[PDB]
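Chains L, H and A, in that order, give the protein sequences. Sequence positions in the first sequence follow PDB author numbering and run 1 to 153, 160 to 220. Sequence positions in the second sequence follow PDB author numbering and run 1 to 132, 139 to 224. All you need for PDB author numbering is the position in the third sequence, starting with 1, plus 289. Okay, so here's the structure we're looking at.
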Amino acid sequence: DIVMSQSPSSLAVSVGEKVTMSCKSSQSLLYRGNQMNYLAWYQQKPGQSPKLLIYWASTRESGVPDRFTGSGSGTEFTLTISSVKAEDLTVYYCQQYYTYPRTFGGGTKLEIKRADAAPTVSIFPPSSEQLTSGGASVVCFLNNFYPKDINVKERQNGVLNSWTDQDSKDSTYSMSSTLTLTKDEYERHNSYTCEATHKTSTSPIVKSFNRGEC
Amino acid sequence: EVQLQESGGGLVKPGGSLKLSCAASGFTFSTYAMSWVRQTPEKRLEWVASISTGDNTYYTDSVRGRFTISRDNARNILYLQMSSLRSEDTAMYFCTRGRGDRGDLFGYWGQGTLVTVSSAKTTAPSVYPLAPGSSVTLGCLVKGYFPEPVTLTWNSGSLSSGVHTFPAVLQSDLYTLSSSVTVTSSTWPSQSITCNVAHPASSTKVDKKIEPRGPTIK
Amino acid sequence: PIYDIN
C-alpha cells in the first residue's frame with residue numbers, strides 16, 4: 001500500500017523550456033539485493049491509453065525520445081524534460097512495482113502557455129427537427145484560442167457547457183454551449199445573442215441573430 | 001505490432017456482473033504476464049488485477065472476491081470477470097501486457113473499455129443537426151443518450167481537421183454532446199456533410215445529414 | 290423564412 005505523491009498539481013510551460021517532475025514515495029522502491037529502483041513514469045495523451053516512458057526510475061523505454069531522462073532513487077524520483085515540445089502536452093504519472101498493490105500518483109497537468117489567441121465564434125439556432133420533438137437549444141462555438149481563461153454570456163435559467171483539453175497541435179482550447187430552452191418559450195423572445203470576453207478582448211466579441219420566425 | 005483490444009464493456013446495474021475480454025495479437029502470448037488497470041472518472045488510475053506467466057493471480061483489495069482475472073493462452077485472450085459491481089467501479093478498463101518476459105509492468109496497453117454502473121436505463125440518442139463570406143461552420147448535437155459513450159464522425163470519418171468534438175455532459179441521466187466543423191464557404195452545401203453517430207449496446211447507428219433549414223412556415 | 294442559413 002505504498003503511496004505515491006506527484007507535485008505540483010498544475011503547471012505552465014512554453015516550448016523549449018525544461019520541466020521537472022517530482023514523485024514522492026511512502027517507502028523505498030530500492031532493494032539492497034539488486035540495487036534496483038522499482039519505479040516507472042507514464043505519459044497519457046488525452047483520450048488515449050498511457051504509454052510507458054521511464055522504468056527502473058531511469059531506463060528509457062524503446063522509442064522514448066532523448067529529451068526525456070529518468071533520475072532519482074529510493075523515495076524521491078525525478079523526470080527530466082530537456083526541451084518541452086507541444087507533442088508533450090498531456091499529463092504525467094509515476095508508479096511503483098515494488099510490492100502490491102501497484103500504485104500511481106496524483107498526476108501532473110502541464111497546461112502550455114504559448115500566446116494569446118483570438119476566439120472564433122459561431123452561433124447556431126435550434127434545428128427544424130429538434131423543435132419538432134419538444135425542445136430547442138442554441139449553440140455558439142469558441143474555437144482556436146488561448147487562454148482557457150474566458151467566460152461567456160439576459161435570462162440564464164439553465165445552460166450547459168463543455169471545454170476541450172488543450173490541442174496538442176496549436177496549443178488552443180475550444181468551448182461548447184448548450185443554451186437549452188422550452189420550444190414555445192423560444193418564441194416568447196426574438197433577439198438571441200452570445201458574447202465572449204477574452205484576455206485580449208476588452209471590447210467583447212459578439213455573434214447574434216433574430217428568431218427566424220420574426 | 002503489439003495490439004490489445006478490449007471487449008464487452010458498457011453498463012450494469014449495481015451488484016451486477018460483467019466479463020471483459022482483451023484480445024491480443026502479435027507476440028508470444030504465454031511468455032508475458034498480464035494485468036488490468038482502471039481509470040476513475042476523476043481521471044485517477046488504479047491497478048486492478050495481474051496474472052503471472054503461471055496463473056498466479058494478484059488483486060487489489062477493493063475488488064478481492066468480486067473480480068476474477070483469467071488468461072487463456074490458447075486463443076490469446078485475457079478476461080476480467082467483474083461480479084457485484086459497486087458505484088466506485090465506474091471507470092475505464094485497460095488490459096496490459098508485461099513489459100518483458102518478467103513481472104507485471106504495464107508495457108503495452110489496450111485502448112480501454114468503459115464500465116458504467118448506475119441503475120439507469122439504456123436510452124438511444126437523438127441527433128439534431130446544427131445548420132446555420140469567408141468560411142462557414144456547422145455542428146451536430148446529441149441530446150439525451152445513456153450510458154456513455156458514443157462515437158461522432160463527420161462524413162463517415164473522412165473529415166479530419168476543423169472538428170472540435172466536445173466532452174459529453176450528463177444532466178439527469180442523459181448525456182449532451184456537441185461537435186463543430188469548419189470549411190470554406192465554397193465547400194458546403196456544395197458537398198454533402200453528414201453527422202455519423204453510433205451508440206453501443208443500444209445497438210443503434212445513426213447518420214443525420216446536414217441540410218440547410220428551408221423557408222417554410224404556412 | 291429560415292432566416293438565412295449564413
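For each residue, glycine too, the CB sits at the ideal point set by N, CA and C.
Verify whether the separation of the beta carbon atoms of residue i and residue j is less than 8 Å.
i: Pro-153/H; j: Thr-200/H; result: no
i: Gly-74/L; j: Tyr-93/L; result: no
i: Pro-155/H; j: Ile-291/A; result: no
i: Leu-89/L; j: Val-121/L; result: no
i: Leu-187/L; j: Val-139/L; result: no
i: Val-203/H; j: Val-142/H; result: no
i: residue 154/L; j: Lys-85/L; result: Coordinates for residue 154/L are absent, as chain L skips straight from 153 to 160.
i: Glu-111/L; j: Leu-30/L; result: no
i: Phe-68/L; j: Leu-53/L; result: yes
i: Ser-198/H; j: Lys-214/H; result: no
i: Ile-150/L; j: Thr-203/L; result: yes
i: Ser-126/H; j: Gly-150/H; result: yes
i: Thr-78/L; j: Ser-22/L; result: yes
i: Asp-116/L; j: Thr-208/L; result: no
i: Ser-25/L; j: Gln-95/L; result: no
i: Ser-191/H; j: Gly-145/H; result: no
i: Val-187/H; j: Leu-166/L; result: no
i: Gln-81/H; j: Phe-94/H; result: no
i: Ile-69/H; j: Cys-22/H; result: no
i: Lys-189/L; j: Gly-107/L; result: no
i: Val-91/L; j: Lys-109/L; result: yes
i: residue 248/L; j: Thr-199/L; result: The question about residue 248/L has no answer, for chain L in this structure spans 1 to 220.
i: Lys-153/L; j: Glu-191/L; result: no
i: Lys-45/L; j: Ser-183/L; result: no
So which residues on chain L does residue i lean against when the C-beta distance must stay under 7 Å?
i: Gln-177/H; result: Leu-166
i: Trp-36/H; result: None at all; the shortest Cβ gap to chain L is about 11 Å.
i: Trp-109/H; result: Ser-49, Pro-50
i: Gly-145/H; result: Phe-124, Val-139, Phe-141
Can you pull the chain H residues whose beta carbon is under 8 Å from the beta carbon of residue i, in chain order?
i: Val-19/L; result: Chain H residues near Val-19/L: none, gap ~20 Å exceeds 8 Å.
i: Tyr-55/L; result: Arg-99, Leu-105
If the cut is a Cβ gap below 7 Å, which residues of chain A does residue i touch?
i: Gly-218/L; result: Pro-290, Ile-291, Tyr-292
i: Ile-223/H; result: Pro-290
i: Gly-220/H; result: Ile-291
i: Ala-131/H; result: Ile-294
i: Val-142/H; result: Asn-295
Residues of chain A with a CB under 9 Å from the CB of residue i: which are they?
i: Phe-215/L; result: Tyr-292, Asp-293
Count the other C-beta atoms from every protein chain shown that fall within 10 angstroms of the C-beta of residue i, then say buried if there are 16 or more, exposed otherwise.
i: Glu-46/H; result: buried
i: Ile-223/H; result: exposed
i: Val-212/L; result: exposed
i: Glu-6/H; result: buried
i: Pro-14/H; result: exposed
i: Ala-24/H; result: buried
i: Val-12/H; result: buried
i: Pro-50/L; result: buried
i: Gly-63/L; result: exposed
i: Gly-100/H; result: exposed
i: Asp-55/H; result: exposed
i: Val-2/H; result: exposed
i: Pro-210/L; result: exposed
i: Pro-126/L; result: buried
i: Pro-119/L; result: buried
i: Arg-71/H; result: buried
i: residue 156/L; result: Note on chain L: consecutive modelled numbers read 153 then 160, so residue 156/L has no coordinates in the structure shown.
i: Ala-74/H; result: exposed
i: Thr-40/H; result: exposed
i: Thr-96/H; result: buried
In chain L, which residues lie less than 9 Å from residue i when you measure between Cβ atoms?
i: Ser-25/H; result: Result: empty, since nearest Cβ-Cβ is about 16 Å, beyond 9 Å.
i: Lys-13/H; result: Here the premise fails: no neighbours, minimum Cβ distance about 26 Å.
What does residue i reach in chain H if we use C-beta pairs closer than 7 Å?
i: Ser-182/L; result: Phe-172, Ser-184
i: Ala-117/L; result: Per Cβ cutoff of 7 Å: no residues; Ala-117/L is ~14 Å from chain H at best.
i: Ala-40/L; result: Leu-105
**Request:** Give the residues from the region 151-183 of chain H that approach chain L closer than 7 Å (Cβ to any Cβ), ordered along the chain.
**Result:** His-170, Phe-172, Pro-173, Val-175, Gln-177, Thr-182
**Contact list for the region 86-105 of chain H against chain L, Cβ threshold 8 Å** = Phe-94, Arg-99, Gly-103, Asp-104, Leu-105
**Prompt:** Are the region 81-93 of chain H and the region 112-128 of chain H in contact at 8 Å, needing three or more beta carbon pairs?
**Reply:** yes
**Asked** Just checking, does the region 161-174 of chain H make contact with the region 162-174 of chain L on the three C-beta pairs under 8 Å criterion?
**Response** yes
**Contact list for the region 92-111 of chain L against chain H, Cβ threshold 8 Å** = Within the region 92-111 of chain L, the residues whose Cβ lies closer than 8 Å to some Cβ of chain H are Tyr-93, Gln-95, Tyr-97, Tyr-100, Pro-101, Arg-102, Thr-103, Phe-104, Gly-106, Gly-107, listed in chain order.
**Asked** Quick check: the region 101-108 of chain H against the region 27-45 of chain H, are there 3 or more CB pairs under 8 Å?
**Response** yes
**Asked** Using 8 Å as the threshold, is the region 95-104 of chain L in touch with the region 46-66 of chain H, meaning 3 or more CB pairs across them?
**Response** Judged by Cβ distances under 8 Å, the region 95-104 of chain L makes contact with the region 46-66 of chain H, as three or more pairs qualify.
**Request:** Return the residues of the region 113-126 of chain H that lie within a Cβ-Cβ distance of less than 9 Å from chain L, sorted by chain order.
**Result:** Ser-126
**Request:** Please list the residues of the region 128-145 of chain L that have a C-beta atom closer than 8 Å to any C-beta atom in chain H, keeping them in chain order.
**Result:** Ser-128, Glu-129, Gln-130, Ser-133, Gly-135, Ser-137, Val-139, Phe-141, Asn-143
**Prompt:** Between the region 42-62 of chain H and chain L, which residues of the former have a C-beta closer than 8 Å to a C-beta of the latter?
**Reply:** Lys-43, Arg-44, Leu-45, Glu-46, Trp-47, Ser-50, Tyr-58, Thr-60, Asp-61
**Prompt:** Is the region 54-64 of chain H touching the region 117-130 of chain H, taking contact as three or more C-beta pairs under 8 Å?
**Reply:** no
**Contact the region 54-63 of chain L vs the region 21-39 of chain L: 3+ CB pairs below 8 Å** = yes
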